[PDB]
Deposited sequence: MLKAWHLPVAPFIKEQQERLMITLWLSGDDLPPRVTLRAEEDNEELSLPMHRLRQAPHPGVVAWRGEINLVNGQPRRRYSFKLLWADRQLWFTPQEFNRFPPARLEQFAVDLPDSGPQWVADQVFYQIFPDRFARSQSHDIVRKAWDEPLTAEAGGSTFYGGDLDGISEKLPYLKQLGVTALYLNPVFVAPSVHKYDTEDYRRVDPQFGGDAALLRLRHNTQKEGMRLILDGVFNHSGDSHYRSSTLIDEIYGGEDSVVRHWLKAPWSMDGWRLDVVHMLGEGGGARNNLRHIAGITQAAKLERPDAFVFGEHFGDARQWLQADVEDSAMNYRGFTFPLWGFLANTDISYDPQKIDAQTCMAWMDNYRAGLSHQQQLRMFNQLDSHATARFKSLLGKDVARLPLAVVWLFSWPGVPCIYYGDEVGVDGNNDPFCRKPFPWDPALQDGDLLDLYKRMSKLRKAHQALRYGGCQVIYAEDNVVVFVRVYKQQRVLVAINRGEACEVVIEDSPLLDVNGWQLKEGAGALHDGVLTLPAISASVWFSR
């Protein structure tokens, strides 16, 4: 049977001078004697050649290249496999018998003018009134100076970036109940001292990106983003879209979006049987991964890496409550939040099991859930594949999802099981052709092509 592999990341792509080297892996019995790379402002049919060296047993590699001197920075491409009498397309969504949509090709941004720092962050979203008062009707009285005082707690959590929502009285002034502008200036100063980024909910845009405010970005069209980039070239401008944000992302009017359609609601469906309307969902692993892969396909690799992933937000119920009787699935969602492409965003209180003022008393905190959050941010800070890697789903059937993050030689294997304990046969795969695997999270077992997965579990292996 014909198989193919390509991820818009090393080892499948490589820049060399002004040339983007692209590699396709194939396997099967009736291999195409020709493959063309379908890719300067016009659609081109670029020739590929077959390499002499098999990259993996039973795999032939084809290589082509795009000239980067001329063209828009977003490099779109797909693979046109050619036989004597027919053709087949390879895309981010497997094979296609008819041409893929232009906006559903593989894509890499070269050169990349997006905010390079976002992929390295772990964001924390704060509703200031309920987080921390600095040492009422519905004003609990927490403020920004409370946040400053809690910067050590968040540093220990793995947090590197704060997202404040709300901030302003809604030209633009910080709410006096949060400490006013003077408290915000202190919070900027203190997060800089801790190496933490700071993002505010919203030329007003340029003013708060100016010194001495020097905010790292805005949560909000293209004119706003362009003005934001003029004041601060690495400003992060992202949108809160509950629906399909792809049209905005595909026109580059925002750097990223809070990825409800591409991450949150698929997991609400697969893990909590519900959706944004609290209508019932009966979503198996096949459908969840088709959904998530279909959304991703419209995004360049760099865009995917900046997508804002969250289990819940100021606008939704807490995910822990949404799981209801199936609250044991919550750690599965935490592993997933930190291992899927994009930047994890923790809604304040999720890490201590809130389901309402933050419980600073350690006896009202779920310490095991808190430990898991610390472990995932550590694994993510230590392994480039969880921050910069491509993502390929290996297995999606009923209760079990298995995908691998791919970056240079590094592989991170993730196995998610929402149901009873089981064993799952994983076909031999050249993406999984490694020395061995080190189990670093979870209690699953990988041995002789077989995954042994405990009931209601998530497991992470790293290639050695």
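In this chain the deposited sequence has gaps in the coordinates at 40-41, 138-155, 191-200, 233-256, 275-292, 428-435, listed in sequence order.
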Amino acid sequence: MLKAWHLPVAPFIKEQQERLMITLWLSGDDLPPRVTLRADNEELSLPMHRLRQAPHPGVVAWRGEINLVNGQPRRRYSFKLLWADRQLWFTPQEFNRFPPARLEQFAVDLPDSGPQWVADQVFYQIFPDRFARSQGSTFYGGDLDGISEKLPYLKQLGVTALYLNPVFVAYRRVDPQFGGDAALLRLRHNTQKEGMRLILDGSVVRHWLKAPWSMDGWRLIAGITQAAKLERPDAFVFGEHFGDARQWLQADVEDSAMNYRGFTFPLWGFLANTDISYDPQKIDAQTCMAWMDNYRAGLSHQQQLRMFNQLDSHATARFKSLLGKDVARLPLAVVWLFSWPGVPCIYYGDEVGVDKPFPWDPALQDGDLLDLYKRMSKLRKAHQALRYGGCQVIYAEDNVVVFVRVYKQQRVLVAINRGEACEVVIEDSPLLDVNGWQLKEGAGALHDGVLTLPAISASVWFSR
From here on, numbers count along this sequence of modelled residues.
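Comparing the deposited coordinates for 372-380 and 209-217, the stretch with the larger average C-alpha B-factor is 209-217. The deposited model assigns a higher average Cα B-factor to 358-366 than to the other stretch when 306-314 and 358-366 are compared. Note on the listed residues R172, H241, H301, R387: the highest Cα temperature factor in the record is that of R172. In this entry, the residue among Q93, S137, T274, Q286 with the greatest C-alpha B factor is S137. Compared with the other modelled residues of the chain, the Cα B-factor recorded for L31 ranks in the lowest third. For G353, the recorded CA B-factor ranks within the middle third of the chain. Only modelled residues enter the ranking. Annotation for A455: C-alpha temperature factor in the middle third relative to the rest of the modelled chain, per the entry. Among all modelled residues in this chain, the alpha-carbon of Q409 has a temperature factor (C-alpha) in the lowest third. In the deposited entry, the Cα temperature factor of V9 sits in the bottom third of values across the chain's modelled residues.
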